[PDB]
Structures are given as structure tokens and as C-alpha cells.
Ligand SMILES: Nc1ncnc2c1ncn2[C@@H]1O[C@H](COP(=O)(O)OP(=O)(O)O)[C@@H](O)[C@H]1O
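Below you will find one chain, with nothing else, as C-alpha cells; this is the form solved without the ligand, and questions on how it binds or moves follow later.
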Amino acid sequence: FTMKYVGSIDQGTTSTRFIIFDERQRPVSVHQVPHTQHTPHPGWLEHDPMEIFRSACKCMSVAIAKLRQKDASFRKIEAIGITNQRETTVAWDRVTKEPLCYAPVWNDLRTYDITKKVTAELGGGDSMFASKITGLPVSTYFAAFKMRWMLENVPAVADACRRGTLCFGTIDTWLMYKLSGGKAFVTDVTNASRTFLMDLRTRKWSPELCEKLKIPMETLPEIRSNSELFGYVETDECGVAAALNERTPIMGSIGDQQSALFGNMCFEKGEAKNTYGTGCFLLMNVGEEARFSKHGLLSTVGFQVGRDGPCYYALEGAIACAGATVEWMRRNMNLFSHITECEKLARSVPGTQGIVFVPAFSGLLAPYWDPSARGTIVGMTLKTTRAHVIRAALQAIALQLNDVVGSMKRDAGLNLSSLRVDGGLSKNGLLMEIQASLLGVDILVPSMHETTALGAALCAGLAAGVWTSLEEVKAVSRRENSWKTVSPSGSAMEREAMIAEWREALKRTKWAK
């Protein structure tokens, strides 16, 4: 036949992208368009759903146009996948086809008072009351609470609910609705699991929770899998229908973290990925049955290939200050000037020589949620240098994931098979070695680092028959796009002593108030 290509809309917190992959899973064209970060009051954050929609469209037409110019064999896009900042929630009207307000972002803290109210007046003091249904604690992040808040506080949303015309939806749902010309009102299992309205075990809306939270099941879209025919692109808001040329289907939708889980090929229980960004997000595949957490971790859907096909579940954990710690050392503390020196300063010394640096700046998340913990350094002497402090910060990040992973191993009754990394800090070689050594598993660094975008591309491709099974997907990746591999290179005396030092250090962190 001819060459095939799959497009991936990568819709993030600070920008939107379109990446076209070829059938070897190589990114052959990209365009990025940012969008405005609206901040009406301290701790609020909101996005313009229409601005986001036009960025997607822009990106699609620019990347397309750039590829035609450099690839004589590119004829059309076979299918489009979507991946998105999760939890961000949009309200819009079924007949005007427009938003009723801006979109509160995942990390938006306006829903706080609703969240304290729900914990008390519905869970009787327990934030975990519905964690066996949803997999989730009561929290400001999850969508129901933002939905509730827009019902309570946006007269326009209240009204349209009463007309029977209101649509709520995560960014996947919204993007798919407009791309479709308003014909498709859908969502995938991974986005739907971050709403607080889906029953993990069935992956359907929960009549009980919707009732109990007073969100009407008329407002919610149809839950579908990650990989299947969602709709077609039927708009032309920035040249896009012209650019795609043929009608082009939408056949992949997956929340960003799960999209990275998928794009890093974590198809089997025990396989986990970590993104080393500003924070860390670690996800492990735990298998075909939902596993619930007794360490404060999130249970979520990992991925679902095919409608009502197999559903792999996952456990998710975070740390707030990974990349942010490195940036803090530089710009607040002058411990170095630009990012290259971070790793070389940390390599200049054989170890931390006693010190521990717990970068608990905005508390400890992970499996020891403690908002009172603060940034603390212990063990220093006159022989202590910035080299050691920088190295200890690398150890700290790796120690936290280790704790997170330890908790996941216990909640799930599995061992960690391998950890794939992506993110800025995955380019710090030393941090990968300290991590491999602590976890006692191989760490895998793909050199094609666009793993989030690839997840959604893989979903669309499987469904459109560009790739014909997960095994073919792994073969192509392992052959074409080369992984760097990083084996444990440390003794069990050192491992055990580093974790013991860390354990002792964590006791000394309590400070705020």
C-alpha cells in the first residue's frame, strides 16, 4: 500500500500540540500553540475552552502543512488521537455550542469549601468514604467538585441545566465535541475515572454519587474506551478540514498520565512509568482488576484498548517538588548557574557523606501526606559543599519514588518489573542511576521522549489498524526508537543505609504551624 501517519493532539496545562507520528512511531512534524493562564483570585486557575479548541486546530493545520512540505509520501492522517490535562472541567450549552464559563483547571483551589463540605456532610469526616467506588479521596482536583461549583456559582450553567441543554466534560470530551461539529458527546475511561462520578469496577457513571453530589446524569457524556471510533473531524475553525483533506476519524482519547503509561509500553502488571517533570507522577499497571490503596495512593484506570475490551487498572502517586527543587537550588540559592552543572556538581562528590535534604517545600505528598513537613537539611559539617547538597536533592527525589513504589508493591501484591522514565529530569544520568540502584530494577529511558503524545497516537493507530496489536507496537518501538537502559549499580549496604538515613530525616521535617 502506502505510508501511514497518525496524529496526536497533546493538550496540556500551558499549551496544546499536534504531533504526527509515522508508522515507525517517529514524530515527523510538530506545532505548539500556547493559551492564556487566567488567574481571577489567588489559588484559582481557569482556561478558555474556545482558545484551547483553536490551538488544537491551528496545530493540526500548521504541522500538516509542514509535513507536506518535507515528505512527498504523506497523503493524509489515518486517525487522530487525543491526550489531555486531566480533571480540568468545561461547561457548555448543547445548542449554542459555546462555553457557559471558563474552565477551572485541575490544580484550581476554588473547590476547597465544597470539598470540606462533602467530607463532613457526606462522608462524615472521612475523605476516603467513596474511594472504594471511585478509587479517589475527596479533593479539589477531581471534576465533580468543579462541576458542582459551576452549578452553584455560574447562573448561566444553573440555567442551562434547567433547560436540559447543559454539557459538562473533561478536556477530551470538549475537544472531541467541537472537533466533531457538536455531534459526539463522549469520554474515555481514563478521563472519566478522574471525575469522582465513575464506578471503578464497572466504568459506568454512579447513580449514587451523581445523586449524592447533585450532578445530573443528563450533563455527562458517554464513557467509552481509549481505542475505538469516537467520531470524525467536522470543523474548519483554523483551516483544519481543508488541511486534513479527507474526513479523518478520531479513534484515541486518553488522559495525559495514562497516555504516558501507554506510550512507554507498560502493557503488563508490574510495568510502571515515572515522569520527572516539575513534580513526579508515577503510574504502575496493576492488572485487570482494580486494586485499592491503604497508603493514600490513587486507584485509576490504566488503559482500555477496544470497546468493552480488556481494562487494565493502575495505581498513581506523585511528588510535588522534583524539577522544582533543581530550579529552586539554582535561582533561590545560587548553588549553580545553568542545568548542566546540576549533574556535574553532584558527580564531583562520591556521595552525600551523611547529609539528607528533604525538599518538602510544600509538604510531603506520596504515601505520607503531611502538609506540615517543610524543606529541611540535616547532617551538614564544614566539609559539606553545594556538591553534596545538590547530590542529596537527587537522592531525595529517588528516595520518595522508592517509598511510593514500596507502597504500590504492597497495595497491589506485585513487584516492580521495570521503570520507564520520561520528563526533563530523566536527562539527568546520575538521577537515573541512583534510582535504578535504589529500586533494584532496570530503568528505561526512551530517546524519543514524546511519550505522552505517542500514547494517544498508539491508541488511534491500533483502532485504525495502523498497528495490529500491542505486541507489534512493542516490536516496532524496540527496533526503531532506541531505549537507553540503566541497571542497578549499588550494594545492598548502601541502599539500606541511604533508606535508613532518609527514614530518620523524615521525622525531622515537621514544622509548618
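Just count from 1 along the sequence shown to find any residue number.
This protein has a second form, the form solved in complex with the ligand, left out of what is shown; the following refers to that one.
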Full three-residue contact with the ligand in the bound PDB entry, heavy atom 4.5 Å, for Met3, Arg24 and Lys70: yes
4.5 angstroms heavy atom contact with the ligand in the bound PDB entry for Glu471: no
4.5 Å heavy atom contact, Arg479 to the ligand in the bound PDB entry: yes
Close approach of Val28 to the ligand in the bound PDB entry, 4.5 Å, heavy atom: yes
Per-stretch contact check against the ligand in the bound PDB entry, the hit in 62 to 70, 483 to 491, 463 to 471, 49 to 57 (non-hydrogen atom, 4.5 angstroms): 62 to 70
